[PDB]
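Asks:
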Ligand SMILES: CC(C)CN(C[C@@H](O)[C@H](Cc1ccccc1)NC(=O)O[C@H]1CCOC1)S(=O)(=O)c1ccc(N)cc1
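Protein chains in written order, with the entry's author numbering: chain B, 1 to 99; chain A, 1 to 99.
(1) Hey, would you say residue 19/A sits closer than 8 Å to residue 8/A, going by beta carbons?
(2) Below 8 Å on the Cβ atoms is my contact criterion, and I expect residue 94/A with residue 99/B to pass it. Report the Cβ-Cβ distance as a whole number of Å.
(3) Which word fits residue 104/B, buried or exposed, when buried means at least 16 other C-beta atoms lie within 10 angstroms of its C-beta?
(4) Please confirm whether any heavy atom of ligand 1 lies closer than 7 Å to the CB of residue 12/A.
(5) Any heavy atom of ligand 1 closer than 7 Å to the beta-carbon of residue 48/A?
(6) Between residue 81/B and chain A, is any beta-carbon pair separated by less than 8 Å?
(7) Give me the subset of the region 34-52 of chain A whose CB atoms are less than 9 Å from a CB atom of chain B, sorted by chain position.
(8) Please confirm if residue 3/B has its CB atom under 8 Å from at least one CB of chain A.
(9) Taking only heavy atoms of ligand 1 into account, decide whether any of them is closer than 7 Å to the Cβ of residue 71/A.
(10) Tell me which residues of the region 63-96 of chain A have at least one Cβ-Cβ distance to chain B shorter than 7 Å, keeping chain order.
(11) Relative to the alpha-carbon of residue 44/A, which residue among 80/A, 72/A, 55/A and 61/A has its alpha-carbon at the smallest distance?
(12) Please confirm whether residue 30/A has its beta-carbon closer than 8 Å to some beta-carbon of chain B.
(13) Are the C-beta of residue 27/B and some C-beta of chain A separated by less than 8 Å?
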């Protein structure tokens, strides 16, 4: 799809059988979700934003469906005021900015 | 221009005769710059992010050049680890996300 930016660019995701919404965030290098259960081992990571530090769990090679498209990548779990899809996963959709 | 997202989407800006770089950030509702002098009256505002709070100065109807294109809008001045162009100004470029 093509979308304009007069509203937040929010898409539906499906990850570990759970349905959520997330913002498509070109300013985010990495994908961060709050409201979600993932199984398996993870690694502690810090990431750093307007406001400073957030401690997150890094889960590798997580299957995720974003606006209907199946990809696999790193998902960071941690407190974030909004679930965000970062460039790590947007590059797998072949996403572009246009103006 | 059309750009892909394998690297950060960084563009050149010109604002109050100062040249800077900024990230095109679809996850940001508002534009926030750190490294910059604007004249005139402003208003205190807070914005939350990964990591918590940032106190900013809101400057209205600021002329700014983004990747060559002249627009006028609200610019927030405050600590941010990176200068960001938010949707407030991306909508004035007719920017779209595509995948
Ligand atoms: C350059 C910074 C700002 C990068 N952030 C991305 C930005 O899009 C960020 C996303 C967000 C949306 C809603 C609430 C909170 C945060 N928007 C943001 O703060 O919007 C503010 C600034 C003015 O407009 C409102 S981040 O969240 O720190 C981040 C950092 C690293 C990773 N891996 C993921 C996210």
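C-beta atoms are modelled at their ideal positions from N, C-alpha and C, and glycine is treated no differently.
Replies: Walking through what the data contain:
(1) By one-based count along the second chain, residue 19/A stands at place 19. By one-based count along the second chain, residue 8/A stands at place 8. No, they are not a contact pair.
(2) As a position in the second chain, residue 94/A is number 94, starting the count at 1. As a position in the first chain, residue 99/B is number 99, starting the count at 1. Indeed they touch by this definition, with Cβ atoms about 6 Å apart.
(3) Residue 104/B lies beyond the stretch modelled for chain B, which goes from 1 to 99, so this question has no answer here.
(4) Within the second chain, the letter at position 12 stands for residue 12/A. The answer is no for residue 12/A.
(5) Position 48 of the second chain, counted from the start, is the residue given in the question as residue 48/A. For residue 48/A, the CB falls within less than 7 Å of some heavy atom of ligand 1.
(6) Looking up residue 81/B in the first chain gives position 81. Answer yes: the Cβ-Cβ gap between residue 81/B and chain A drops below 8 Å somewhere.
(7) Contact annotation: in the region 34-52 of chain A, residues whose CB is within less than 9 Å of a CB in chain B are 47, 48, 49, 50, 51 and 52.
(8) Taking the first chain and counting its residues from 1, one reaches residue 3/B at position 3. Look at residue 3/B: its C-beta is under 8 Å from a C-beta on chain A.
(9) Sequence index remark: in the second chain, residue 71/A carries index 71 (1-based). For residue 71/A, the distance from the CB to the nearest heavy atom of ligand 1 is not below 7 Å.
(10) Per Cβ criterion, the list reads 80, 81, 84, 87, 90, 91, 93, 94, 95 and 96.
(11) Taking the second chain and counting its residues from 1, one reaches residue 44/A at position 44. In this structure, 55/A is the residue among 80/A, 72/A, 55/A and 61/A with its C-alpha nearest to the C-alpha of residue 44/A.
(12) If you number the second chain from 1, residue 30/A lands on position 30. Residue-level contact check: residue 30/A does not touch chain B, since none of the beta carbons of chain B fall below 8 Å from its beta carbon.
(13) Stepping through the first chain from its first residue, residue 27/B is reached at position 27. Closer than 8 Å to some Cβ of chain A, the Cβ of residue 27/B qualifies, so yes.
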